[PDB]
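Undergrad: Protein chains in written order, with the numbering used here: chain E, 19 to 484; chain L, 20 to 493; chain C, 225 to 350; chain V, -14 to 86; chain Y, 172 to 281.
1. When you compare only the Cα positions, how much space is there between residue 296/E and residue 426/L?
2. Kindly indicate the opening and closing residues of the beta strand (DSSP E) around residue 153/E.
3. Around the C-beta of residue 41/V, are 16 or more other C-beta atoms found within 10 angstroms, so that it is buried, or is it exposed?
4. At which residues does the alpha helix (DSSP H) containing residue 350/L begin and terminate?
5. Pick from 265/Y, 258/Y, 245/Y, 267/Y: whose alpha carbon is nearest that of residue 284/Y?
6. Quick check: the region 115 to 132 of chain E against the region 196 to 203 of chain E, are there 3 or more CB pairs under 8 Å?
7. So, helix, strand or coil for residue 407/L, using DSSP?
8. Determine the burial state of residue 6/V: buried for a count of at least 16 other Cβ atoms within 10 Å of its Cβ, exposed for fewer.
9. Can you give me the C-alpha to C-alpha distance between residue 221/L and residue 197/L, rounded to a whole angstrom?
10. Check the Cβ of residue 53/L against every Cβ in chain C and list those closer than 8 Å, keeping chain order.
11. Is there a Cβ of chain V sitting closer than 9 Å to that of residue 280/E, yes or no?
12. Would you check if the distance between the CB atom of residue 338/L and the CB atom of residue 85/L is smaller than 9 Å?
13. What residues in its chain sit with their C-beta under 6 Å from that of residue 121/E, if we drop five residues either side in the sequence?
14. Of all the options 24/L, 212/L, 205/L, 308/L, which has the alpha carbon lying nearest to the alpha carbon of residue 121/L?
15. Assuming contact is defined by CB atoms lying nearer than 9 Å, are residue 91/L and residue 72/L in contact in what I supplied?
16. Assign residue 346/L to buried or exposed, taking buried as 16 or more other Cβ atoms, counted over all protein chains shown, within 10 Å of its Cβ.
17. Short of 8 Å Cβ to Cβ, which residues in the region 268 to 296 of chain E face chain C?
18. Judging by CA-CA distance, which residue of 273/L, 194/L, 443/L is the nearest neighbour of residue 182/L?
19. Which of helix, strand or coil does DSSP assign to residue 474/E?
20. Return the residues of the region 201 to 224 of chain Y that lie within a Cβ-Cβ distance of less than 8 Å from chain C, sorted by chain order.
21. Using a Cβ-Cβ cut-off of less than 8 Å, list which residues of the region 127 to 161 of chain E approach chain C; keep chain order.
22. Please name the residue in 253/E, 150/E, 331/E, 278/E whose C-alpha comes closest to that of residue 315/E.
23. Name, going along the chain, the residues of the region 55 to 83 of chain L whose beta-carbon falls closer than 8 Å to a beta-carbon of chain C.
24. If you measure between the beta carbons of residue 386/L and residue 108/L, is that distance less than 9 Å?
25. Should residue 226/C be flagged as near chain Y, meaning a C-beta pair shorter than 9 Å?
26. Measuring CA to CA, which of 467/L, 313/L, 213/L is closest to residue 343/L?
27. Against residue 22/V, what residues of chain B qualify as contacts under a CB-to-CB distance less than 7 Å, listed in chain order?
28. Is residue 220/E close to chain Y, meaning its C-beta is less than 9 Å from at least one C-beta of that chain?
29. Using CA coordinates, which residue listed in 4/V, -12/V, 32/V, 75/V is at the minimum distance from residue 315/C?
30. For the alpha helix (DSSP H) that residue 390/E lies in, which residues bound it at each end?
31. Would you mind working out which of 180/E, 26/E, 62/E sits nearest residue 440/L, comparing C-alpha positions?
32. Helix, strand or coil, according to DSSP, for residue 57/E in the structure here?
33. Just the chain E side, please: which residues come within less than 8 Å of residue 418/L by C-beta, in chain order?
34. On the criterion of 16 or more Cβ atoms from any shown chain inside 10 Å, does residue 98/L qualify as buried, or is it exposed?
35. Are the region 165 to 174 of chain E and the region 222 to 238 of chain E in contact at 8 Å, needing three or more beta carbon pairs?
36. What is the residue span of the beta strand (DSSP E) that residue 371/L lies within?
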């Protein structure tokens, strides 16, 4: 009758009990190629996967729902008109590989000449002026915790306008596109957050690890201004980048410079070089002082209205690390019997390692369910009551009559067995890294490395044994 | 959770809108219209309108956009909770005005289908010239009206529809002539003379009446449809007025299809074995148009509607239509191609025709708040869906996002095509039907002492302590 | 690969966001304050009127006059606009905020940071 | 970017170096409904807005731009010169790029 | 193989006439196209390149247009020294082609 049209923080309709719980995965590893996936020459099947330092890393946390808990104490809640939900208080992202950097490049980059100190004027191009240049990337570290997946943005091509006619060779159009981050998306490398598949026609602009894929920067001002605050509870950032080399573009300039910009040259300088330039990024020194990880994060109040409540019994952790991206470089001989060194005796490979840890603390929270509160949860996300057993609507049914006993042979109503297949959930079109935290819970905090760091945050040592 | 039963009958507005002492005045400035009185002139090559058709026989429906009083400023002691009650405007006084001399407005087109007169004769001649039609001009009939409603008014005409597939013998047959009623635009004409038939989709010779109503429809308002609807909407103060007279008696071409019966006359001989005509069109003439009975510049007010709702204006909107043909002057204009010739000529001066009209509107609006506790909420949504949909009572969708990116340079080659290319409604449904917009978003005034209607309303009701005793006598 | 096959271009994106918090203030206009503000800037006392006992004056005609057909008579935009902007020779970015105001400081992402600093909380619904 | 026939610009010039000056249009407070006080008197009072807090936000990823000229006055280097310089004829301008502060 | 045919022998023109020489191409070449005048006693000599930009020391009474696959070359006010040979020529610099960019003539002007 009095439905409200405001947004209420969850400190008003969720109670906080005393019962804490600890969880934690084992450790996460991944091994493969840093540049491109390697598949067989005939089918689509990948022999090794592509794991690099630059790609994103989104973990989803499958939780078991606490209403299925059999508590020996049956007095602190009543399963008549209450539901139970988890709330995260402690987050830890642990990593263990040693520090360092990693470089990438292209066998055929498309630079004309250096421009920082030109001795004389440049010669003409010719055809096929490609080169092999490699460089290091910008330095980036982030971490976001959320109930729903991260929401990033990237520039791309839209449709041009239908009034004027286009020709082959025009400038592509541009617009902002908001997408959903998966695992395998590349980070921005200092070449801006733009798609390179539909906007780099020559396929030889950037190094090849981001040559045929979208790089996405996370949209901050979209996610904070979203209602209900379910997109992020908090975040963290440290980025640095400076420019090292300054090259010249090679390729036809689209629009010439207007003649009022420069006094017209002559002689050997009758014409112009390519006007546009592109820089070469460089990350500075890494250190163990400017790190983010291997230290816990106790949250007191999240920025949004959701003060750390896990609807649907899941949460999403993302992280991007480039301070641990050294690619090991192995090689294997075909025959060690030789006396001399011949460079055709060895093959070369590249491999990249990656290592993780995740450790949490969840608090047990209950919800009193009044019909005024029942329409509010019905309004923000309708699938919550369907994932509980509370959404009630009865169909009576007509008690339909069964068919003939013979059924398989000579039945008149033949093929009445017909399968429906509606068994579907959302979020399953996207693929990314999952973990299984269903069987890793515990109530004893003192048997775990994070659990002793939690009690020192708030006292309450509880261990009398003598 | 189980809402109570809604009452099966409709109800007046006295039970569920409130009335305060806060009044406002809103008067538009001045409205002028110049063009040609007969046809909108256009280029010989294609369609482009240099002058509009402007003649004093149109409908001139107005559309008053009101300011939304859910964010509007007031003096003290006016308070409400926006989660419980909302606000709406109600009109209590209205005026329609014109400053002009007092005219006639005759017309007639040079190809009018007339054969002879049937008032006197000496010998009738069966003539039947191929197109023997001749220019005859005529007068019209004076009419006035004023209708004030929340939604536009409704007129009617007599047209043509599909008959039953029983008999089809000839293309020279007769239509069924069923009656239909439409919504009234700005530019449809009225004649209470020849009457409400569209002369285009009914008459193919298009030479029956003068040319000011020959390419369009001559409508006429209903007064039954707009009172029989169960709400009391679309009109709540009407003032009808007209006069008429018959002048002359004529004949059409005479290609009669509905023949005369045999057993009506007696057959003679010689020249007396034929038929003269059976179809007679008379001409109208408005007479003695004296300016003491003119229903204008008189500030009438409202205490009672003829319908169920009073002047409550849902949707912050209002419609005014006035019809006048007493200011129907015509301006014989002419200009000369060369002035040096000291003798006047045939073709040295060529002439034109124009027509003009001047309006002025003034209103008095009254504030009205409406409380809503679970009972009128069921009633208002069932009255019209858009009344409840113009106020948000539902909380936010799960993605709200930053409403529209709003690119800066809207015409370039950098961005893609933008700005309302797929138009999802939210607009008025009546966009396909044109009106006269009158923007009154910030015309309002809290005080009304220094306003030309404002003292006329103030004098009528009580003015005791309302004016105030600014600087005194002694 | 042909070096004459591809035209090259440059673009540059830009992003902004403005958020504000205002509070209104009231000025008692006695005889002494109106001497102060008129010495500061005289056209502030023409936003609000205060200076002219008829806002017309004796010499004013009809306040407005609108010849609406759009194209046949004396022209509508050819009269020069009197209410000139005293900075209109300078062109810069145009931002309108005449309807984005609101009163609930709990909803907007700055607004609860304002209720962090000064403290307090809204009245609870449940 | 302009077509050489006309003066209407095709693509506007936007760079990350120039100023940005925003005009904020506050709506006038003498037409707004304020909830519950008999505070305002139209004779001896007027209303005006004050500013308390500002947050300006940017949302593009970090990155350093770059610019130059195809033709710039540059005779030689001076950081380290071995032999003496050569004479300068006509059209001794090269292509040098840089980055700003 | 991008091929420009130019199977068009020129028509007799008087002083001040206008001539429309049309050079069509099979494959799309962009705007990269050249034109030349060949007086039959000396070296060839170029007028316009990229179908719009004329060279130095050439009057602006020669015109250039055409885009995509077909192109043209018009002018007016024919002098006495315009008796020469004309040739359209593309610049797609491919490998497996045998262009020779041939075709084109011009009569002696009356």
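C-beta atoms are modelled at their ideal positions from N, C-alpha and C, and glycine is treated no differently.
TA: The answer reads as follows:
1. Position 278 of the first chain, counting from 1, holds the residue named residue 296/E. Position 407 of the second chain, counting from 1, holds the residue named residue 426/L. Answer to the nearest angstrom: the Cα atoms are 26 Å apart.
2. The sequence position of residue 153/E within the first chain is 135, counting from 1. Taken as a continuous stretch (DSSP letters only), the beta strand (DSSP E) holding residue 153/E covers 149 to 154.
3. Locating residue 41/V in the fourth chain gives position 56, counting from the first residue. Result: exposed.
4. Residue mapping note: residue 350/L aligns to position 331 of the second chain, counting from 1. It is not in any alpha helix (DSSP H) - residue 350/L instead sits in the beta strand (DSSP E) that spans 350 to 355.
5. Residue numbering for chain Y in the displayed model covers 172 to 281; residue 284/Y lies beyond these limits and cannot be assessed.
6. no
7. Within the second chain, numbered from 1, the residue matching residue 407/L stands at position 388. Looking at residue 407/L - three-state DSSP - the assignment turns out to be helix.
8. Residue numbering aside, residue 6/V sits at position 21 when the fourth chain is read from its first letter. Its Cβ having fewer than 16 others within 10 Å, residue 6/V is exposed.
9. The sequence position of residue 221/L within the second chain is 202, counting from 1. The sequence position of residue 197/L within the second chain is 178, counting from 1. Roughly 12 Å separates the two Cα atoms.
10. Here residue 53/L is taken as the residue at index 34 of the second chain, counted from 1. Per Cβ cutoff of 8 Å: 291, 293, 296, 297.
11. What you label residue 280/E is simply residue 262 of the first chain in a count that begins at 1. At least one chain V Cβ lies under 9 Å of residue 280/E.
12. Within the second chain, the letter at position 319 stands for residue 338/L. Within the second chain, the letter at position 66 stands for residue 85/L. Cβ atoms of residue 338/L and residue 85/L: not closer than 9 Å.
13. Position 103 of the first chain, counting from 1, holds the residue named residue 121/E. Correct list, in chain order: 152, 154.
14. Against the second chain, residue 121/L aligns to sequence position 102. The residue with the shortest Cα to Cα distance from residue 121/L is 308/L.
15. Within the second chain, the letter at position 72 stands for residue 91/L. Within the second chain, the letter at position 53 stands for residue 72/L. Going by C-beta atoms, residue 91/L is not nearer than 9 Å to residue 72/L.
16. Here residue 346/L refers to the residue found at position 327 when the second chain is read from its first residue. Answer is buried; the Cβ neighbour count reaches 16.
17. 268, 269, 270, 271, 272, 273, 292, 294
18. Taking the second chain and counting its residues from 1, one reaches residue 182/L at position 163. For the residues 273/L, 194/L, 443/L, the minimum Cα distance to residue 182/L belongs to 194/L.
19. Walking along the first chain from the start, residue 474/E turns up at place 456. Note: residue 474/E maps to helix in three-state DSSP.
20. 201, 203
21. 143, 144, 145, 146, 147, 148
22. Numbered from 1 along the first chain, position 297 holds the residue referred to as residue 315/E. Checked all of 253/E, 150/E, 331/E, 278/E; the closest Cα to residue 315/E is 253/E.
23. 69, 70, 71, 73
24. Here the question's residue 386/L lines up with position 367 in the second chain. Here the question's residue 108/L lines up with position 89 in the second chain. Yes, the Cβ-Cβ distance between residue 386/L and residue 108/L is below 9 Å.
25. Here residue 226/C refers to the residue found at position 2 when the third chain is read from its first residue. Yes, residue 226/C lies at the interface with chain Y (some Cβ there is under 9 Å from its Cβ).
26. As a position in the second chain, residue 343/L is number 324, starting the count at 1. Comparing Cα-Cα distances from residue 343/L to each of 467/L, 313/L, 213/L, the minimum goes to 313/L.
27. The structure shown contains no chain B; the protein chains it does contain are E, L, C, V and Y.
28. Numbered from its first residue, the first chain carries residue 220/E at position 202. With 9 Å as the cut-off, residue 220/E does not count as an interface residue toward chain Y.
29. Residue mapping note: residue 315/C aligns to position 91 of the third chain, counting from 1. The candidate whose alpha carbon is nearest that of residue 315/C is 4/V.
30. Looking up residue 390/E in the first chain gives position 372. Run containing residue 390/E: 389 to 398, per the alpha helix (DSSP H) assignment.
31. Residue numbering aside, residue 440/L sits at position 421 when the second chain is read from its first letter. The shortest C-alpha separation from residue 440/L is found at 180/E.
32. In the first chain, the residue the question calls residue 57/E occupies position 39. Correct three-state label for residue 57/E: strand.
33. In the second chain, residue 418/L corresponds to position 399, counting from 1. Simply 244.
34. Counting from one through the second chain, the residue named residue 98/L turns up at place 79. That one is exposed.
35. yes
36. Indexing the second chain from 1 puts residue 371/L at position 352. Residue 371/L -> beta strand (DSSP E) spans 368 to 390.
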